[PDB]
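Chemist: Input: one structure, supplied below.
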Amino acid sequence: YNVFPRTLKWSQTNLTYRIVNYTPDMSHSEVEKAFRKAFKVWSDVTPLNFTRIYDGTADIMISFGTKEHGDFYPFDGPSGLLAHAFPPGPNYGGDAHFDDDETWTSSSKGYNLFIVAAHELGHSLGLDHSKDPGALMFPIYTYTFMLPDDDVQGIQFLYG
Ligand SMILES: O=C(CC1(S(=O)(=O)c2ccc(Oc3ccc(Cl)cc3)cc2)CCOCC1)NO
Ligand SMILES: [Ca+2]
Ligand SMILES: [Ca+2]
Ligand SMILES: [Zn+2]
Ligand SMILES: [Zn+2]
């Protein structure tokens with residue numbers, strides 16, 4: 001596993017997240033279940049706790065956008081770039097963006113939202129990409145859930 005320069009991590013163990021908008025190809029309920037499961041993957045192995053808020057600014061703002069969407073990481077339409085997230089810190093730190101031009105699903109037909117979200121949240125928590133091919137933080141999409149050992153070691157190094 002790998003961490004970001006200066007080992008970025010959250011100072012508090014009680015973090016908030018907010019789903020700003022939704023993708024059209026999935027019902028609001030399935031999008032919410034996807035993220036709920038994504039956060040659980042990480043809360044189960046760390047002393048971290050996540051609370052979903054609906055108004056205001058949360059520690060982790062989740063949004064869907066297309067092409068140019070407000071930052072220095074524009075999307076590229078169907079396929080290619082799927083999503084990106086920012087490491088722990090103020091402002092957009094911790095935020096996760098998902099390409100709305102993708103066909104997100106709860107199954108395995110298109111790009112599974114849960115698995116991508118789980119990967120992105122790893123970044124939101126302080127983990128950079130891993131060199132271990134079987135790690136969730138490996139930079140390649142492959143959907144077949146139990147968090148691989150490399151990821152557990154990495155996240156527990158930061159918050160354990
Ligand atoms: O790493 C990225 C972006 C890309 S990605 O958009 O293609 C991408 C995002 C999340 C992914 O998640 C998973 C990783 C591993 C497994 Cl097993 C499942 C999902 C995969 C690719 C594109 C640029 O180069 C690295 C990969 N940020 O998370
Ligand atoms: Ca894309
Ligand atoms: Ca933040
Ligand atoms: Zn973005
Ligand atoms: Zn990544």
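Letters A, B, ... go to the chains of the structure tokens in the order shown; residues in each chain start at 1; ligands are counted from 1 in the same order.
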Would you mind listing the residues within 6 Å of ligand 1, counting only C-alpha atoms and all ligand atoms, as a ChimeraX atom specification?
Modeler: /A:80-84,115-116,119-120,136-143
Chemist: Just want the residues within 12 Å of ligand 2, written as a count of residues only, counting only C-alpha atoms and all ligand atoms.
Modeler: 26
Chemist: Ranking A:114, A:72, A:1, A:17 by minimum distance to residue A:155 and counting only C-alpha atoms, which one comes first?
Modeler: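 Checking each of A:114, A:72, A:1, A:17 against residue A:155, counting only C-alpha atoms, the winner is A:1.
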Chemist: Determine, for each residue of chain A having at least one atom at most 10 Å from an atom of ligand 3, the closest pair of atoms and their separation in Å to one decimal, counting only C-alpha atoms and all ligand atoms; order by chain and ascending number, as a tab-separated table.
Modeler:
```
residue	atom	partner	partner_atom_place_in_ligand_line	distance
A:10	CA	ligand 3	1 (Ca)	8.5
A:15	CA	ligand 3	1 (Ca)	9.3
A:16	CA	ligand 3	1 (Ca)	9.4
A:17	CA	ligand 3	1 (Ca)	9.5
A:57	CA	ligand 3	1 (Ca)	9.0
A:58	CA	ligand 3	1 (Ca)	7.3
A:59	CA	ligand 3	1 (Ca)	4.3
A:60	CA	ligand 3	1 (Ca)	5.7
A:61	CA	ligand 3	1 (Ca)	7.8
A:86	CA	ligand 3	1 (Ca)	8.3
A:87	CA	ligand 3	1 (Ca)	8.0
A:88	CA	ligand 3	1 (Ca)	5.8
A:89	CA	ligand 3	1 (Ca)	4.8
A:90	CA	ligand 3	1 (Ca)	4.5
A:91	CA	ligand 3	1 (Ca)	5.4
A:92	CA	ligand 3	1 (Ca)	5.4
A:93	CA	ligand 3	1 (Ca)	3.8
A:94	CA	ligand 3	1 (Ca)	4.5
A:95	CA	ligand 3	1 (Ca)	6.4
A:124	CA	ligand 3	1 (Ca)	8.4
A:125	CA	ligand 3	1 (Ca)	9.8
```
Chemist: What parts of stretch 31-111 of chain A does DSSP call helix (DSSP H, G or I)? I'd like the answer as a list in words.
Modeler: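 These are the residues in question: residues 31, 32, 33, 34, 35, 36, 37, 38, 39, 40, 41, 42 and 43 of chain A.
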Chemist: Using only C-alpha atoms and all ligand atoms, find the one residue out of A:126, A:154, A:56, A:160 that sits nearest to ligand 5.
Modeler: A:126
Chemist: Which one is closest to ligand 4: A:156, A:106, A:63, A:43? Count only C-alpha atoms and all ligand atoms.
Modeler: A:63
Chemist: I'd like to know which of A:105, A:9, A:130, A:49 is closest to residue A:24, using only C-alpha atoms.
Modeler: A:105
Chemist: Distance atom CA of residue A:117-atom CA of residue A:4, one decimal place?
Modeler: 18.8 Å
Chemist: So which one's closest to ligand 5, A:131, A:28, A:123, A:69? Using only C-alpha atoms and all ligand atoms, please.
Modeler: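 So, comparing all the options, the nearest one is A:123.
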Chemist: So, counting only C-alpha atoms and all ligand atoms, which residue among A:32, A:150, A:132, A:71 is closest to ligand 4?
Modeler: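 Smallest distance to ligand 4 is found for A:71.
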Chemist: If I take atom CA of residue A:52 and atom CA of residue A:34, how far is one from the other in Å, to one decimal?
Modeler: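 So the two atoms, atom CA of residue A:52 and atom CA of residue A:34, lie 13.1 Å apart.
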Chemist: Tell me, in Å to one decimal, how far atom CA of residue A:135 is from atom CA of residue A:33.
Modeler: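 So the answer is 22.7 Å.
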